[PDB]
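Note: ideal-geometry Cβ built from the backbone for every residue, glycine included; neighbour counts use all protein chains shown. Derivation of every value follows stated rules applied to the coordinates shown; laboratory data play no part.
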There are 2 protein chains.
Amino acid sequence: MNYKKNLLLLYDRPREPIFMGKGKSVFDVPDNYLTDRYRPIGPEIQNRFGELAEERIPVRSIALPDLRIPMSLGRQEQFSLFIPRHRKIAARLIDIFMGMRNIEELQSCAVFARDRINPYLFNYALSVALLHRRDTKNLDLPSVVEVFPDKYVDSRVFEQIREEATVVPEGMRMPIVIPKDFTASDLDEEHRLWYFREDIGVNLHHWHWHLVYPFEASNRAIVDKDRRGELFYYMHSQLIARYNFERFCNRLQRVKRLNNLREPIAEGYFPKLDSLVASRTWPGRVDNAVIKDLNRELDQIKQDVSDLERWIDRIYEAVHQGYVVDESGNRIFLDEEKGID
Amino acid sequence: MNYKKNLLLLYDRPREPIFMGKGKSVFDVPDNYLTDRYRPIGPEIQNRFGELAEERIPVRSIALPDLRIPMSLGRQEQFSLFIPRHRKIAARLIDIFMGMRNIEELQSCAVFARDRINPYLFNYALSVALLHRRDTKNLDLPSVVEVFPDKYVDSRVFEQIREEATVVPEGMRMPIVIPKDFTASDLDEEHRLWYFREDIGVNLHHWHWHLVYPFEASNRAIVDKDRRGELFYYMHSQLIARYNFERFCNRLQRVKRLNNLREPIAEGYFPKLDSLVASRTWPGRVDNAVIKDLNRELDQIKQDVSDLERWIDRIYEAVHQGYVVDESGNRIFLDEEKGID
Ligand SMILES: [Cu+2]
Ligand SMILES: [Cu+2]
């Protein structure tokens, strides 16, 4: 039906309020769906863009579960599925969208939530729901480059795109060249691998692989894909094989592993990205930075380097022993078939 | 009987020989009870200190176990129950006092030993014996501040107390003020917690807790007290809770743990104590001191930092595993009830 196509409009202009109109459509957002910032001037807004729209999508007012947890993450904050706390927030939101059985209420829940939660988070939570519901199948989700270009492009272009779009009329607009080999000069021999590390393509492949094979997800059905463990091994293993190949093609040696975490990291990297959602830039890492014990009270991270080292020591032991031990105390054997998985 | 009250006289003036007379009494010691240095002129002494005594306590000459081990520790040496070797010495002396199963024989053994063994050690060994024998029970032991003030007071006062006591007649003596907040200036923010760290009260509580609940003794008796493991956890756990409270009341943050033993220790501490028994002062620790492998041949300490690290790694493993392993190889489960203990 149309509904499938109407959800795709949520991906349009993630930080523009949902009442501003996406593509050749606009949402008829109720007056109690406007945010506390915008609700007190709903009258002037609803009928700012009210004429110039071909379609007008109605939206039914429903109950809407408590969105406290989803809204705990700030709007101008970064996301990340690696951070323990974000995992609990996303997995909870995924659960909400997933838990609205009807495809019309999913549209209503979404439209409300969209302007209250972190764009990056919203995009993820929706993407996961759509991809793994039965009514929303074979639906072609817009490339995350197109919705979040800030994660894929030198920040320098943004003020050029703003200039070009404001000054020059449509049709006469010049294509904006995206800088390549821009993160480091030739003093850093690592800069040669820009065409691989910083290639849009491979970064998209990595992001998407983790979409379809998450490692944490309410319901152990979508996490439990056939041989996803072996997949995780192999896919990442092929990344380095391909990387090591490209290294040899740039007069470099094979990549050296992180033998031990106490020794400095020789190769720094300043990525030159500016998050328009966080309105900040991503921090760089300096040459010879050292790993340090984390205490990020807000993010719910309390981990020491020795914890990491302890995990490694134990995993090595299991691998050499040839078996692991489950919570229960039983032994499971790392055989030829399922061992790697 | 009197005997109970006569043992309390041993705690009086620990370094003054037992024949010098304690309170308004004096002991009538055999000549084979006199110490090797004083015995060859002994008679000239019994007479010299006989004066100003109301009572004379007789003491019968008994068998006396070998006091080789008790006498191994120097008289002018420090005594700590943490040092492996001292544990074996004290536990042996405790065994002697404990082994005399009548209150008269205990008095004789004590009177002999007192001037041959380390005062600090004697005090401990006696304290433990009296507190846990049947005939000597509910006896009020003199405060260890009163018997060993050197462990509780700035060394500066001692030469004032000596001056005051020698110059000024009794009755006209001014009370000696004990310096507070004397270990560090305001450049060290840690100095604010003097009223807790250096308070007489809390230091006495800690000392006494370890008196009644040692971790090393003989058999289970006098170590095997209900839930002493949980007690050890909780008591010490409350010390830090209370400390962390007092920190917040002095505009400081929560105490940071010793993550790892290889990194320097930022906070030094010079305690300003002078052991009158050792006739030396306690050493200080400088800022950014580093833990180093011990090789104290005398004390019987041959321990590497890695040994400590290895113990920690194993304990963590057990805690996560959820069970420990006994000497025999069997598994014991850290359940909700007895796990902590
Ligand atoms: Cu990955
Ligand atoms: Cu203690």
With one decimal in nm and the nearest listed first, the spacings from B:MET1 to its own position in the other copies, using label points 7 Å along Cα-to-Cβ, are 10.2
Listed by chain and number, the residues whose amide H is under 5 Å from that of A:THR281, excluding neighbours fewer than 5 places away on the same chain and using placed H, are A:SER275
Length gained, A:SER218-A:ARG197, 0.36 nm per residue minus C-alpha separation, equals 4.4 nm
Going residue by residue through segment A:332-341, the Karplus relation 6.51 cos²θ - 1.76 cosθ + 1.60 with θ = phi - 60° gives ³J(HN,Hα) values, rounded to whole Hz and with x marking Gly or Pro, of 10, 9, 7, 7, 4, 8, 9, x, 4, 4
Taking 0.36 nm per residue of separation between A:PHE82 and A:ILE340 and subtracting their Cα-Cα distance, the length gained on full extension comes to 90.6 nm
Phi angles of segment B:56-64, converted by Karplus (6.51 cos²θ - 1.76 cosθ + 1.60, θ = phi - 60°) into ³J(HN,Hα) in whole Hz with x for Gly and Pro, give 10, 8, x, 9, 6, 7, 10, 5, 6
For chain B, the longest principal axis of the Cα atoms and the Cα long axis of helix B:158-167 enclose an angle in degrees, to the nearest 10, of 20
Under the Karplus relation with 6.51, -1.76 and 1.60 and θ = phi - 60°, whole-Hz ³J(HN,Hα) for segment B:301-308, x at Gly and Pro, equal 10, 10, 10, 9, 4, 4, 4, 4
Filtering chymotrypsin sites (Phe, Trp or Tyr not before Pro) in segment B:171-213 by DSSP loop and by at most 11 other Cβ atoms within 10 Å leaves none
Per the helix-only model, chain B has a calculated mean residue ellipticity at 222 nm (DSSP H runs of ≥4, -39500 (n - 2.57) each, divided over all residues, rounded to the nearest 500) of -11000 deg cm²/dmol
With label points set 7 Å from each Cα along the Cα-to-Cβ direction at A:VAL177 and A:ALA318, the distance between them in nm comes to 5.1
So for segment A:103-261, using the alpha carbon gyration tensor with a ≥ b ≥ c as root eigenvalues (a/c under 1.5 gives rounded; past that, a/b versus b/c decides prolate or oblate), I'd call it oblate
If you rotate chain B onto chain A, the residue of B with its Cβ nearest that axis, and the gap in whole angstrom, comes out as B:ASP313, 4
Given a Förster distance of 51 Å, the FRET efficiency implied by the Cβ-Cβ spacing of B:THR281 and B:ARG331, rounded to the nearest 0.05, works out to 0.55
Amide H contacts under 5 Å for A:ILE301, restricted to residues at least 5 apart in sequence or on another chain and with H modeled in the peptide plane, are A:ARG296
For B:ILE315, inter-copy label-point distances (7 Å, Cα→Cβ), nm, shortest first, read 2.6
Taking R0 as 56 Å and r as the Cβ-Cβ distance between B:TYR269 and A:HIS205, the FRET efficiency 1/(1 + (r/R0)^6), rounded to the nearest 0.05, comes to 0.50
Copies of B:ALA165 compared via label points 7 Å along Cα→Cβ give distances in nm, shortest first, of 8.8
Quick calc: nm separation of the 7 Å Cα→Cβ label points for B:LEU294 and A:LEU67 -> 6.1
Filtering chymotrypsin sites (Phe, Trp or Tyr not before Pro) in segment A:222-255 by DSSP loop and by at most 13 other Cβ atoms within 10 Å leaves none
With label points set 7 Å from each Cα along the Cα-to-Cβ direction at B:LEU139 and A:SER237, the distance between them in nm comes to 7.4
Once amide hydrogens are built 1.01 Å from N within the peptide plane, the residues lying 5 or more places from B:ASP28 or on another chain with amide H under 5 Å from its amide H are B:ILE57, B:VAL59
Per DSSP, the loop-located trypsin sites (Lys or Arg not before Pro) within segment A:307-338 having at most 16 other beta carbons within 10 Å are A:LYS338
